[PDB]
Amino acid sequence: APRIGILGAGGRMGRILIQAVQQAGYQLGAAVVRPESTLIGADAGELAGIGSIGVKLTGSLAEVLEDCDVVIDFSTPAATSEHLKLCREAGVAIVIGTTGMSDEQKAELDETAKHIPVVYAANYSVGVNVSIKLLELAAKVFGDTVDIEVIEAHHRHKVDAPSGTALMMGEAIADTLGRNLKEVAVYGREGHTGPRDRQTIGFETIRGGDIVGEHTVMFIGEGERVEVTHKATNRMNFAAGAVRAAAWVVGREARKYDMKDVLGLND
């Protein structure tokens, strides 16, 4: 079985990753926090809400890398830089989900991936990555015979429209169909719009309440319609995907991998 270490194990996301490791039947290899954290010495399982599991929060990643085959890192881009060097010298694979890394930090990641296996993905949700593959496959088959509309819904606090996931989906469809998203995208409809251009990709964005996040793509043809939909119940399905990527990457050739590799979608 693979030994998975969780970096930043004290934060909100770390605790979820600890539950995901134990729920997948894996051994928690390590739980690391900042060397000055209040929680050093606490039980990771107790802290994660699953009761004691015998792994305690430590503050030195280098001291626990021998106990791990892979580590999962959802922290700060600066902390990921230090985590990359330690895993390189120790030969431990790393699954990185840190958002907002600089172009220099992202380059440091790419060169590390020539020495250790590295997983880097924009989204670790298994369902989202699956959805994208379905969209690409349906788009290749439907070709120019369907009107493509992207509908998403989110809570009333979201400041951006459409969501990054909705745009990620439209981008994959536009790449598949050979269209330029900025040219063919439409974000509203009011008044005498005229009839619909087949090249148009329409984005309908719903805002309200506390909706966690729903995305639907409609391939609308003559006489029929195919919908691909992903709905999130909570903000926690990154963990199951990240843990699945960690188990998958153990013992593989040193390259940079994404969730398309992990899920066998590049076929």
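Residues carry their position along the shown sequence, with the first being 1.
*Looking at the entry, does 150-158 or 77-85 show the higher mean C-alpha B-factor?*
Higher of the two, by average CA B-factor, is 77-85.
*asked:* Highest mean C-alpha temperature factor of the two stretches 171-179 and 95-103, which is it?
replied: Comparing averages over the C-alpha atoms only gives 95-103.
*Going by the deposited entry, which of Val130, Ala138, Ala166, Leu109 has the highest CA temperature factor?*
Most elevated C-alpha B-factor of the set, per the entry: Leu109.
*Options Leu61, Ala232, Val217, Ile220 - largest CA temperature factor per the record*: Highest C-alpha B-factor among the listed residues goes to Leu61.
*Considering only modelled residues of the same chain, in which third does the CA B-factor of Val243 rank: lowest, middle or highest?*
For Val243, the deposited C-alpha B-factor lands in the lowest third.
_Where does the C-alpha B-factor of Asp210 rank in its chain, lowest, middle or highest third?_
According to the entry, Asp210 has a C-alpha B-factor in the chain's middle third.
*Check where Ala122 lands among this chain's C-alpha B-factors and tell me if it's the lowest, middle or highest third.*
Its C-alpha B-factor, which the entry lists for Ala122, ranks in the middle third among residues of this chain.
*Among the modelled residues of its chain, does the C-alpha B-factor of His192 lie in the lowest, middle or highest third?*
Middle third by C-alpha B-factor.
*Taking the values exactly as deposited, rank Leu134 by C-alpha B-factor within its chain and report the matching third: lowest, middle or highest.*
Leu134: CA B-factor falls in the lowest third of its chain.
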